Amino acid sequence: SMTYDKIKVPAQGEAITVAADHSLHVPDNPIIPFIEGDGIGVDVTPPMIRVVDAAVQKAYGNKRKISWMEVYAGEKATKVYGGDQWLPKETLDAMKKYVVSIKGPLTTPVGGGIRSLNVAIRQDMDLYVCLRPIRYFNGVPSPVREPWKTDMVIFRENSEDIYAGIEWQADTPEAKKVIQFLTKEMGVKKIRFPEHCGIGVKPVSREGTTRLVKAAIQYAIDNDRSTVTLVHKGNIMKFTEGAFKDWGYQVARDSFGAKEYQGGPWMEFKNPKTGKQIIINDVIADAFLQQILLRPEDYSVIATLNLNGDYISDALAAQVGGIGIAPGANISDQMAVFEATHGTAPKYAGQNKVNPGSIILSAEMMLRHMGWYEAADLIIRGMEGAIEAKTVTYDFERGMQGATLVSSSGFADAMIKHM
């Protein structure tokens, strides 16, 4: 019964719930919380909502309708709730209760200031999978000669690694205390400059690695993908990134019956639904950034740590058009917050300039998560039709031949027209 301080539950609409069998029960009138986003969030979130509403109306008529429910984070939260209220508890309360949500990007200051609200949401909700499909749409400009060979899905660990935010600033009493502990109690001799020295900590665990790699292997099973590649810098970081690799291979053996492939260290098992062989292998992270460019055909599902996945997501997105057409999801079983790969691009904020494609395709992922496949298919149809008409935002316009420039809202208009 309890109302919120600033959130308003829609007058019509019903909550998604988790069914007894752990699937989602999605009402025909579902409530979906959304965060507008800082910066270019104002440019891309409102067109996304229109595009979703248009796909839902065309696929289902009067029968289904999303009840969008705004919830607040970032600058808009400090506007609505007051100074320093960057992430109100009721924002998180509502996103958990209503199960499925979507957010624009949020700003994280460099070198000081608040810790990332995007990480804060992921960790509070324990959305330990960051899932980022890398897909080439025909006609999108690419820096690469054969962008269609790039077809990958990134499983980025989303709850630990150096993203844990554990660090102390140079010359503070706390950093001096940590350095004294390291040098005097742990016998650390390898800090080259212990004065005026910032210190960060990187935790990587068996349980955290296990649940991320298990999800990635299951995805490969459920989507008929042939390879899962563990990406790590385990020669230099032996006990974090190297342990990630070892624990990941153990998941294949322990939970999917994998055995050594051709002497190891790669592993193999047979897809339990199709009988086709899935290979689990591993690549050192720096070498991997070359391999995705020179041999993208050899990779399918990627499983990697928090930091590595962040870097790799942008490197791969660049091959298929950039982070203007790069969607994502933060997932824990059925709970999910859909989210573009890109940030707040503050130099463009409010200009109606940037590509809403990333957040729109994140909504496409949201619709499939809800089982609303017909509406999701119309989003893809509209996207393909708008690209084929070459009515595109500035990031595509500059690479295409004979294209017509449209605004962020103008690109949403073009998608709806082609549904």
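Numbering starts at 1 and runs along the sequence shown.
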Between 175 to 183 and 231 to 239, name whichever shows the higher mean Cα B factor according to the PDB entry. 175 to 183
Which of 221 to 229 and 335 to 343 has higher mean CA B factor, as the PDB entry lists it: 221 to 229
Can you tell me which of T78, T107, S101, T274 has the highest Cα temperature factor in the record? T274
Checking the entry, which one of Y128, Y163, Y72, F244 has the top C-alpha B factor? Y163
On the chain's distribution of Cα B-factors, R135 falls within the third called middle
Quick check for you: using the entry's CA B-factors within this chain, is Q169 in the lowest, middle or highest third? middle
Name the third of the chain's ranked CA B-factors that contains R206, choosing lowest, middle or highest. middle
Within-chain third of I323 by Cα B-factor, per the entry: lowest
The third of the chain into which the C-alpha temperature factor of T91 falls is the lowest
